[PDB]
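Data block below; observations after.
Start at 1 with the first residue, then count along the sequence. Order of appearance sets the numbers: ligands from 1, and atoms from 1 within every ligand.
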Amino acid sequence: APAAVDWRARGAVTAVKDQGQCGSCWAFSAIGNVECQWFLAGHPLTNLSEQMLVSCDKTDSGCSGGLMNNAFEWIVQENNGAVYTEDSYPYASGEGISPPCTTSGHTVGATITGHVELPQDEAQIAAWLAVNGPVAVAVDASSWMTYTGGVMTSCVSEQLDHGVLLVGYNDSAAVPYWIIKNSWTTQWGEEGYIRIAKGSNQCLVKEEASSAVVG
Ligand SMILES: *C(#N)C1=NC([N]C2=[C]C(F)=[C]C(F)=[C]2)=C2N=[C]N([C][C])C2=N1
């Protein structure tokens, strides 16, 4: 794989979003992955709807949490592969109240046919990302509440409790790192991103990696 990749440089990543006081990170991880894949599949970059998942995916638990892998199955199995646009199903859960699902009236912004779950191997995740684009990952984010910048190297790595998006890596750096998009606005971290060391399973980053398949 190349020494360094950053899918932001390809224009493939939407702006950093704001989940607010809702435990909807899993939705932001899944939808951000879809946004990137939809762009890479030859379409304009389009903001897509987290609220569709938070309100309508009853396999997951709204503001109480969820899993990207379940979200991807819901999209395909329950929603005909459709992911609505942000504008047509906008984010309403920032104050912690998810509105009831509505099935009528939204605009499809992307279509997926499935998703992949990657091996629990940072090298193989990086090699897949280098070719195919950003990867949704579960992490232990419990050490992230003081991060102001730099490469984090000794994160608590004990329990998956958050979902985020790998957008790149740098193996050349003095401490090799992953580049991760969060959903805590651009006012946290490095304009909304965190670098964690790569190669030591920091934050349990290799354990639950996946990506949508556009089709
Ligand atoms: C977010 N925000 C969030 N996530 C989880 N759990 C989670 C998310 C994920 F993407 C992958 C995982 F393995 C685990 C939450 N569990 C509780 N809460 C607060 C309601 C969570 N928020």
Around atom 4 (N) of ligand 1, find the nearest protein heavy atom and jot down its residue, atom name and distance.
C25 SG, 2.8 Å
Just going by heavy-atom distances, which of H162, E208, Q21 is nearest to atom 11 (C) of ligand 1?
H162
What atoms of ligand 1 come closer than 4.0 angstrom to any heavy atom of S24?
2 (N)
For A138, the atoms of ligand 1 under 4.0 Å from one of its heavy atoms are 11 (C), 13 (F)
Side chain of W144, backbone of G189: donor and acceptor closer than 3.5 Å?
no
Could you tell me if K17 sits above the aromatic ring of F28, with its cationic atom closer than 6.0 Å to the ring centre and no more than 45 degrees from the axis?
no
If we ignore angles and hydrogens, is there a donor and acceptor under 3.5 Å between the side chains of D140 and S142?
yes
What is the nearest protein non-hydrogen atom to atom 12 (C) of ligand 1, stated with its residue, atom name and distance?
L67 CD2, 3.5 Å
Any idea which atoms of ligand 1 are less than 4.0 Å away from a heavy-atom of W26?
10 (F)
Mind running side chain to side chain donor-acceptor pair (under 3.5 Å) on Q37 and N132 for me, showing each step along the way?
CA-CA 8 Å; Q37 290 302 125; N132 297 302; over 6 Å; no
Quick one: which ligand 1 atoms are inside 4.0 Å of a heavy atom on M68?
10 (F)
Only one of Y193, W188, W184 passes ring-ring contact (aromatic ring centres under 6.0 Å, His included) with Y147, and that residue is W188
the protein heavy atom lying closest to atom 22 (N) of ligand 1 turns out to be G23 CA, 3.5 Å
Just checking, is any N or O donor in the side chain of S98 or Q51 under 3.5 Å from an acceptor N or O on the other one?
yes
Using non-hydrogen atoms of the residue, decide whether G66 is closer than 4.0 angstrom to ligand 1.
yes
Under 3.5 Å, is there a donor-acceptor pair linking the side chains of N33 and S211?
yes
Report yes or no: do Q19 and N182 form a side-chain donor-acceptor pair below 3.5 Å?
no
Just by modelled atom types, is the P99 backbone N or O under 3.5 Å from a matching donor or acceptor in the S55 side chain?
yes
Using a 4.0 Å heavy-atom cut-off, which part of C63 comes near ligand 1: side chain, backbone, both, or neither?
backbone
Is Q19 touching ligand 1 with its side chain, its backbone, both, or neither, if touching means heavy atoms under 4.0 Å apart?
side chain
Below a 4.0 angstrom heavy-atom separation, can you tell me which part of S183, side chain or backbone, both or neither, approaches ligand 1?
neither
Taking 4.0 Å as the limit for heavy-atom contacts, which would you say applies to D161 with ligand 1: side chain only, backbone only, both, or neither?
backbone
Protein heavy atom at shortest distance from atom 17 (C) of ligand 1
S64 O, 3.3 Å
